[PDB]
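S.K.: Please find one structure pasted underneath; my questions will follow.
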Amino acid sequence: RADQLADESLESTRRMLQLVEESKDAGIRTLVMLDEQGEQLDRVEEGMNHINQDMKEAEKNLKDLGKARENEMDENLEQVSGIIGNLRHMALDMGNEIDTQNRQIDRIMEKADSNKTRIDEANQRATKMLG
Amino acid sequence: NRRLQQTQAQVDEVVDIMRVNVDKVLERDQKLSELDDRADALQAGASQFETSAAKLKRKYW
Amino acid sequence: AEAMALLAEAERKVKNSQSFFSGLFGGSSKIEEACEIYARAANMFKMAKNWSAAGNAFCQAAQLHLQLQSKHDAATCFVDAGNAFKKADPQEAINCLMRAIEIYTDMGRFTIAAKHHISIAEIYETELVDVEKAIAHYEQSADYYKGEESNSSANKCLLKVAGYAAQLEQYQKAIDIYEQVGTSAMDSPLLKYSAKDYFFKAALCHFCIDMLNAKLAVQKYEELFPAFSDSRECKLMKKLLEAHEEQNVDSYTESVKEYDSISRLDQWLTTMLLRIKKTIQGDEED
Amino acid sequence: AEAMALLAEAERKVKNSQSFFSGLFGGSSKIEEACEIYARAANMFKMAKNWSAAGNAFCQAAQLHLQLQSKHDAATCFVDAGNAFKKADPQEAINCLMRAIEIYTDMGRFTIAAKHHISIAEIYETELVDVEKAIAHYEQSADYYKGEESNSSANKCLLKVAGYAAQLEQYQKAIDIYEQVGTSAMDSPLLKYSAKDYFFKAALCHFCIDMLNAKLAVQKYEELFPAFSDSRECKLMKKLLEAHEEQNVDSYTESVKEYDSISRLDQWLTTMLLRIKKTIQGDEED
Amino acid sequence: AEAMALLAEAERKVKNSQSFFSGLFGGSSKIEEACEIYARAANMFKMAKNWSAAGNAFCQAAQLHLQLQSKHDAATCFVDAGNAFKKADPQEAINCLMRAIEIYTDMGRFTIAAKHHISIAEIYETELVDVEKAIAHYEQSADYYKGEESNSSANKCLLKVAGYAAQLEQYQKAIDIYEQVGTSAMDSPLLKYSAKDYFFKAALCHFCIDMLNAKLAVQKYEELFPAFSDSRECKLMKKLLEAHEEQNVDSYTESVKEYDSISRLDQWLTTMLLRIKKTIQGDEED
Amino acid sequence: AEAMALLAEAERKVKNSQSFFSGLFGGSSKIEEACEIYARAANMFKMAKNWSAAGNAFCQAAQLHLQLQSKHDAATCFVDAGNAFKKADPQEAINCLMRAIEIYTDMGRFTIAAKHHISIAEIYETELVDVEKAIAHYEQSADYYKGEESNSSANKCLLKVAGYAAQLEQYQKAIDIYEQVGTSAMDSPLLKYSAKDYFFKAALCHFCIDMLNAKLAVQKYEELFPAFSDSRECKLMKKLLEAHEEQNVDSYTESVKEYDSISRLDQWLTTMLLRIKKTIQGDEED
Amino acid sequence: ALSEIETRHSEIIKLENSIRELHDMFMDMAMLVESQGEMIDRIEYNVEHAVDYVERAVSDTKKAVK
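Protein chains in written order, with the entry's author numbering: chain M, 17 to 83, 141 to 204; chain K, 29 to 89; chain I, 8 to 293; chain H, 8 to 293; chain G, 8 to 293; chain J, 8 to 293; chain L, 191 to 256.
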C-alpha cells in the first residue's frame, strides 16, 4: 500500500498534467470562438446600429408620405504549477471577453428594442395605407 | 514532500477560478438566449415592415 | 466642433414655432433636431473631458426628446447621461438612471429595466453607501430576472442582496435568501459544485442563535468524505460549530488560520468570522 | 390607468363594429388596440406581482391577436403568459406553452418550437409529474433539434428521454437511446470526451438479460489503461459485471462505495445501482 | 392546409403571365406568392418529417425567388433546403449548398459563404468521402476567413487541410501548412501552449526525406527542461528521430508505447507513427 | 459579370449630373448606384484573392458613398477596405482605418471607434513598428473604453500601453499605469488572480531609481507564501531587489535563470531584465 | 520515517482528489460553450440579414416621396 500510493498518486501527478492540459484544449476551442464571435458581434452590432439609422429615415419617409521518486513527485507539481499559470491566462482572456461582450449584449438589446418600436408604429401606419 | 501538501491548494484555487468560468459563460447563455428571442423576433417585425414598405412603393412611386 | 455654439443653436431651435415659422405644422421635426444638436455637443464634451457638461447636455437632449413623444430612444439617452455623470465628477448619475427606469418599466421593458436596475443598486452602494435602498433594488431587479427565467442573473442579484444583508446585521434574512437561491440551483447540474459556498455562508450567518440551525443546515447538506469541493464548505463549518458550542475562542481562530491555506478567506468571510469570534468572547466574559 | 378598467375598455373595442360605429371601414386595428390594452393591463398586474392576473391578461391579448391575423407576435404573447403563470402561483403554464408551440410549429419556427418544447417536457415532469408525456416531448423536441444541425441540443434532450426512461423500467429502450446518442457523438472528435458516461449508463441499464449484454457493451468500448476519462466509465463496470456474473453481493456494494470516491455518484446512478444490488438479492432467495 | 394542394396552386401562379392575364405589369408579385406557397408546403413537410419533400419544396420556392430578383433571401432558402436534405434521406444536400455559395459569394457575402464552405468540405468528407475535393474547399474557405481578420477561423480550417493532407499522402504539403499556421500563431500569446502540437505533427510528417528536416524542425522549437507543456511535443520527437536514424523499429515502437502513457495517442498519430514504423522495418530487412 | 466591366459602368455613372441631364433632381441615386457596382466588383476581386483591386475598389465605392451623403455605411465600407488591404499585398490598411475612425469619432460613435482603434494600434506595432504612434492609440482608445464604463476592455488597452511603454525606456510612466490598473482591479474579485503580474511588472519597471520604489511596491502587495499564484510575482522580485542594492550582476542573473524554471519569462521580461542587468554592471565599473 | 511517509500519502490523495473534479468541469464546459456557439451562428445570420430587409424598406420609402 505504501508504495502502491507513492507511485499510484505519482501516476496521478503525471495524469494531473493531461488533466490540466486537456483543459487548455477545451479552453482553446472556447477562446478561439469567444474571439471569432467577438468580431462577429461587432458586425452584428452594426446591424442594430444600421437599422437604428435607416428606421429613423424610414419613419420620416412614412411621415412625409403619410400627409528519486519524491524528487520527481515534486517536479510534477512544478509542472502542474507551470500549467496553473496557463489556466490563469485563459481565465483572463475568457473573463475579459465575457465582460466586454455582456456589456455589448446590453447595447444590442437596447438598440434592437428601440428599433422594434419604430417598426411596430410604422407597421401600424403602413398596413393601413396598404395596396 | 512539503510541495505535495502545498501544491494541493495551487489547484483548489483554480477549482474556484473555473467555478466562476463555468458560471460566467452560462450567464452569457441566458443573456444571449433572451437576445435570441428578441433579436430574431425583432427582424420578424422587420419582415412585416419590408412587406409594408414594398407595397407603399407599388402605389405612390 | 464648437459645443458652446451648438448648445446655443440647440435652444434657439427647440421651441414651438409660430407666425410664419409654424405655418401649418411644427414641433417634432424641430425638437428632434435640437436633440441631435445636444447629443453632438455632449459628445465633444466627453472627449474634452468636461463630463459635467456632457452629462447635463445629454440631460437636455433627453428631456427634449420627451417633448416629441419618444420615451424609448429618450430613455436610452438618459442612459448615456447616467454613464456620463457616473464616470464624471458631479452627482445626477442616480437621477438619470431613475429617469431611465421609470420609462423602461412603465413601457413594459423589465428585461432592460433590471439591467440598469442592478447598475443602479451598484452605484447606490459602492458610492452613495445607501445600502437600505440598494438592497431594495437588487431584490426587485432579481424578481424581474426571475420572471424572464434568467435564473443565473436573478441569482447574481440575490447573492448581492443576501451578501449585503448579512453585513447590515440581517443575518437570519440572509440565510433564508441563501436557502431560496440554494433550492433553485440544484436541479441544474451546472450549479452543483457551487451550491456549497451557499451552505457555507448560510451556516456562517448567525442571527445570534444559541443551538443548531447551522448544525442542522450542515446536515441538510449532502457530502461524502471523498468529496473534493465539499472540503471548501462544511468540513470547516463543523469544526467551527464545535469551537462555538464549547465557547472556545482559541479553536475557532485557529481552525480559521488553517483554512486560510487551502481556501483563502475573502473580505466577507473575514468580517463575519471576526464577528463570530467576538460573539464567543461576549459569551465567555459573561 | 386601472387594470380592471383596461380589461373593460379592451372588451368594449374587441368586437366587430356595426351601425354608425362601423362607418365606412372595419376594425382590424380595433382588435389590435384591445390587444395593446390587455398588454398594458398585464403590465401593472406583473407590477404588483399579481402574476396570475397578468398571465390571464396576456391570455386575452394573445387570443385576440389571433382574431386579427398575426400568429407571430401572438405566439410570443402566449410565451409571456406562460412565463407569467410559470413564475406565478397558479397553473395554466402548460396550456399557454402548448398554444405557443402549435403556432411556432404551423408557422415554421421549429427552432423556437423546440426551445419551448423542452421547457414544456421539463415542467410536465418537475411539476405535473407526467413522465409518460414528458418523454414524448423530450423526444419529438430532440428530433427538431437534430434537424436544425444543432447536435448538442438534440443530445441534450435524448439524455433526458433515456434518463427518465430507465427510471420507469424502460431499461432496454434506454441502452438503445444511449447507443444512438453514442454513435452520433463520435463523428465529432470534440465529443469523444463525454462519450464515456453514455457507455456507463447503457451498461448499467439492464432489462433483466441472461446473457452478457453489458460484458459486451463494455467490450465495444475502446479504452487504454493509462487514459483517465475512460477510467471513469468501464473500469468500474467490469468490476460490477464480475460481481454480478459471478453472483456476489459484497464486492458490488463495496465497489460502488469505492468508485464513489474518484467520481461522485449522482441521483440516477444511485437509484439504478440499488436496483442491481437488488437484482442480486432478488436473484438470492429466488 | 394540404401541401400537395399548395404545390399545385403555386405552380398555377408561378409563370410569366401571358395574354390579357399579363397586360403590362409582370408577375413580380405572383412569383413571390408562389414562393410563399412552396415555403408553407416545405414547412408542413418538415413537421411531417417528409424531409425529402421539404427540401425539394424549399428548392422550388428558392429557384422561383431567383426568378423574382432577390438573391439574398433566395440563398437563405437554399440553405434551409440544405439543412433539410442533410438530415434527410435523398441527396441535393451538396447541390443546394453550392447554389447557396455562388450567391453569398457573388453578392458580397464571403463571411457566411465561408461559413457554409466549411460545412460543405465537412459533408464532402463525412459523407461523399471525397478527401481531395474537401481539402480544396477547406483551403479556399480558410482564405476567406483569414481575410475577415478571423485568423482564428482560418487556422481552424488550415488544420483540417493539413490534417487530412497527411492522411492522404501529402506529408510535405502538410508540414508546410503546419509551418504557416505555426508562424501565424505566435502573434497571439493565446496559442503559445497549443503551438507545440503543431511542431509535433510537422516533425512527424515525413515526405521520405533523407536529410534532417525533422531534426531541424525540432531544433527550431524553443524548449527547456522546466517546461511541462513542451514535454508533450519535441522531447518524444527526438527519441523518435534517433530510433529512425538507427533503423531500430524496436526502440521507436517502445517509445510510442511509453509516451502513450503520459499522453494518450489519437487515431491520427497512430496511423502516422505506424507509417514511420514501416519506413523503418522497411529500412531494416533492407 | 466581370469586375473590370463593372468598374467601367460605375465610372461612367459616378459623375455629378448638370444642365438638362441633371433636370430637377440630379439625385444621389447615381453615385449610390456606382457604389453598389464597385462593391460588387471589389467582392469578386476578393474572390480571386486580387485583394489590391478589391481594397482599392472598396475605397472607390466608399469614397463615392461619401459623395452620396451617408457617412455611416461609408465608414463601415472603409472598414471592409481595411480588411482587404490588411491581409493583402499593398498597404493603405492604415489609411482606410484612419479614414474610418475620423468618421466614427465625428459621427459620435466612440464605442466602435475604439474597436477599430485598438486594431489600428495593433497593426502600427506588429507591422509598421511605430511604437510611439501605437501607444498613443492604445491609450486614447482605452480612454474611450473607460468612457463607456467598459472596465475590462479599458484594461486590455492599458496593459498594452504600459507593456510597450517600458520597452521605450518609459519605465516610470509604465509603473504609474500598472498602479492605476492595479487599484482599479481589486474592487473586482474576478481579477484578484491577475492582479499579481501587475505588481511584478510595476516592481520590475525602474526609472533609474535607487531607493525602495519596488521594495515598497512589494510590501503594498498583500501576500502569504503558501498561495502560489503570488509566488509567481513578488518572491523573485524580493530576490532581485537585494541583488540590485548590492551591485550583484550574478545573483540577479542567476535568479532570472532559476525563476525561468517554475514560470517561463516572456520576451517582455527578458528585455527588461536585461536592461536591469546592465544598470548593475555599468554601476560596478563606474 | 513512516509517519511522514503515511501523512504524505494522506495529503497527496486529498490533492489528487480535488484535481480530478476540476477536470470534470472543463468537460462539461466544452459541451456548454459549443452548445452556445451554434446559438450565435444563427444570430450573426439573422442580424446582418435583417440589415438587408431594413435597407430594402428604407430605400423603397425614400423613392416613394421624391
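Even for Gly, the Cβ is constructed at its ideal location relative to N, Cα and C.
Less than 8 Å between CB atoms is the rule here; does residue 208 of chain I satisfy it with respect to chain J?
M.R.: So no, residue 208 of chain I is outside the interface.
S.K.: Residue 208 of chain L touches chain I at which residues, Cβ-Cβ below 8 Å?
M.R.: Ordered by position in chain I, the residues that pass the 8 Å Cβ test against residue 208 of chain L are 235, 236, 238.
S.K.: Quick one, which residues of the segment 217–233 of chain L are near chain H if we go by CB-CB under 7 Å, in chain order?
M.R.: So the list reads 217, 220, 221, 224, 225, 228, given in the order they occur along the chain.
S.K.: Under three-state DSSP, which class holds residue 66 of chain M?
M.R.: If DSSP states are grouped into helix, strand and coil, residue 66 of chain M belongs with the helices.
S.K.: Is the CB-CB distance between residue 89 of chain H and residue 81 of chain H below 8 Å?
M.R.: The answer is no: Cβ separation not under 8 Å.
S.K.: Ignore the nearest five residues each way along the sequence and tell me which others in residue 189 of chain I's own chain have a CB closer than 8 Å to its CB.
M.R.: Closer than 8 Å at Cβ, skipping near neighbours: 202, 205, 206, 209.
S.K.: Give every residue of the same chain whose Cβ lies closer than 6 Å to the Cβ of residue 58 of chain G, excluding the five residues on either side of it in the sequence, and list them in chain order.
M.R.: Result list for residue 58 of chain G: 91, 95, in chain order.
S.K.: Have a look at residue 148 of chain G and residue 228 of chain L and give me their C-alpha separation to the nearest angstrom.
M.R.: Taking the straight line joining both Cα atoms gives about 19 Å.
S.K.: What three-state label does DSSP hand residue 263 of chain I in the structure shown?
M.R.: Residue 263 of chain I falls in the helix class under three-state DSSP.
S.K.: Quick check on the burial criterion: 16 or more other C-beta atoms within 10 angstroms. Buried or exposed for residue 64 of chain G?
M.R.: It counts as buried.
S.K.: Can you list the residues of chain K that residue 197 of chain J reaches, using a CB-CB cut of under 7 Å?
M.R.: By Cβ distance, chain K contributes 48.
S.K.: With DSSP collapsed to three states, give me the class of residue 212 of chain H.
M.R.: The answer is coil: DSSP assigns residue 212 of chain H none of H, G, I, E or B.
S.K.: Under 6 Å Cβ to Cβ from residue 75 of chain I, same chain only, skipping five residues before and after it: list those, please.
M.R.: So the qualifying residues of the chain are 35, 38, 39.
S.K.: With distances taken between CB atoms, is the gap from residue 120 of chain J to residue 128 of chain J smaller than 8 Å?
M.R.: No; because the gap between Cβ atoms is not below 8 Å, this pair is not in contact.
S.K.: Taking C-beta pairs closer than 7 Å, name the residues in chain M that residue 240 of chain L reaches, listed in chain order.
M.R.: Those within 7 Å of residue 240 of chain L in chain M are 63, 67.
S.K.: Following the continuous alpha helix (DSSP H) through residue 271 of chain G, name the residue where it begins and the one where it ends.
M.R.: First-last for residue 271 of chain G: undefined, no H or E at that position.
S.K.: Going by DSSP in three states, residue 12 of chain G sits in which element: helix, strand or coil?
M.R.: If DSSP states are grouped into helix, strand and coil, residue 12 of chain G belongs with the helices.
S.K.: Which first and last residues belong to the alpha helix (DSSP H) in which residue 61 of chain K is found?
M.R.: Element bounds for residue 61 of chain K: 42–83.
S.K.: If you drop the 5 nearest sequence neighbours on each side, which residues of the same chain put their C-beta closer than 8 Å to that of residue 132 of chain J?
M.R.: 138, 141, 171, listed in sequence order.
S.K.: Inspect the CB distances between the segment 187–201 of chain M and the segment 63–79 of chain M and report whether three or more fall short of 8 Å.
M.R.: Touching, yes.
S.K.: Which word fits residue 193 of chain I, buried or exposed, when buried means at least 16 other C-beta atoms lie within 10 angstroms of its C-beta?
M.R.: Exposed, by the Cβ-count rule.
S.K.: Note down, in chain order, all residues in the segment 146–161 of chain J with a beta-carbon under 9 Å from any beta-carbon belonging to chain M.
M.R.: Listed by position, the residues of the segment 146–161 of chain J near chain M (Cβ gap below 9 Å) are 152, 155, 156, 157, 158, 159, 160.
S.K.: Would you please state the rounded distance, in angstroms, between the beta carbons of residue 145 of chain H and residue 168 of chain H? I believe it to be under 8 Å.
M.R.: About 5 Å; that satisfies the 8 Å criterion.
S.K.: Taking C-alpha atoms, which residue in H:260, H:116, H:198 lies nearest to residue 246 of chain H?
M.R.: Cα-wise, what sits closest to residue 246 of chain H is H:260.
S.K.: At a CB-CB cut-off below 7 Å, which residues of chain L make contact with residue 59 of chain K?
M.R.: Result: empty, since nearest Cβ-Cβ is about 11 Å, beyond 7 Å.
S.K.: Kindly say whether residue 50 of chain J, judged by its beta-carbon, lies nearer than 8 Å to any beta-carbon of chain G.
M.R.: Yes - at least one Cβ of chain G is within 8 Å of the one on residue 50 of chain J.
S.K.: Counting only C-beta atoms, is residue 110 of chain I closer than 8 Å to chain K at any point?
M.R.: No, residue 110 of chain I does not count as interfacial toward chain K.
S.K.: For residue 89 of chain G, name the three-state secondary structure that DSSP assigns.
M.R.: Correct three-state label for residue 89 of chain G: helix.
S.K.: Which whole runs of the alpha helix (DSSP H) in the segment 165–253 of chain H are 4 residues long or more, in chain order?
M.R.: Qualifying alpha helix (DSSP H) stretches, in chain order: 178–193, 204–211, 220–227, 241–252.
S.K.: Quick test of your reading: residue 212 of chain G and residue 250 of chain G, contact by CB under 8 Å. State the CB separation rounded to the nearest angstrom.
M.R.: Contact doesn't hold; Cβ gap of about 17 Å is too wide.
S.K.: Excluding the five sequence neighbours on either side, which residues of its own chain have a C-beta within less than 8 Å of the C-beta of residue 184 of chain I, listed in chain order?
M.R.: The answer, listed in chain order, is 165, 168, 169, 172.
S.K.: Under the assumption that residue 157 of chain G contacts residue 55 of chain M (Cβ atoms under 8 Å), give the Cβ distance between them as a whole number of angstroms.
M.R.: Contact flag correct, Cβ pair sits at about 6 Å.
S.K.: State the CB to CB distance for the pair residue 148 of chain M and residue 236 of chain G, rounded to an integer number of angstroms; the pair is presumed to be in contact (CB under 8 Å).
M.R.: Not confirmed; about 14 Å, so no contact.
S.K.: For a test of the three-state rule: what should DSSP assign to residue 78 of chain I, helix, strand or coil?
M.R.: Helix, per DSSP.
S.K.: How do the segment 56–69 of chain K and the segment 176–184 of chain M stand: do at least 3 beta-carbon pairs fall below 8 Å, yes or no?
M.R.: The segment 56–69 of chain K, when compared against the segment 176–184 of chain M, does touch it at the 8 Å Cβ threshold.
S.K.: In the segment 244–274 of chain I, which residues sit with their C-beta less than 9 Å from some C-beta in chain J, listed in chain order?
M.R.: The segment 244–274 of chain I vs chain J, Cβ under 9 Å: 267, 268, 271, 273, 274.
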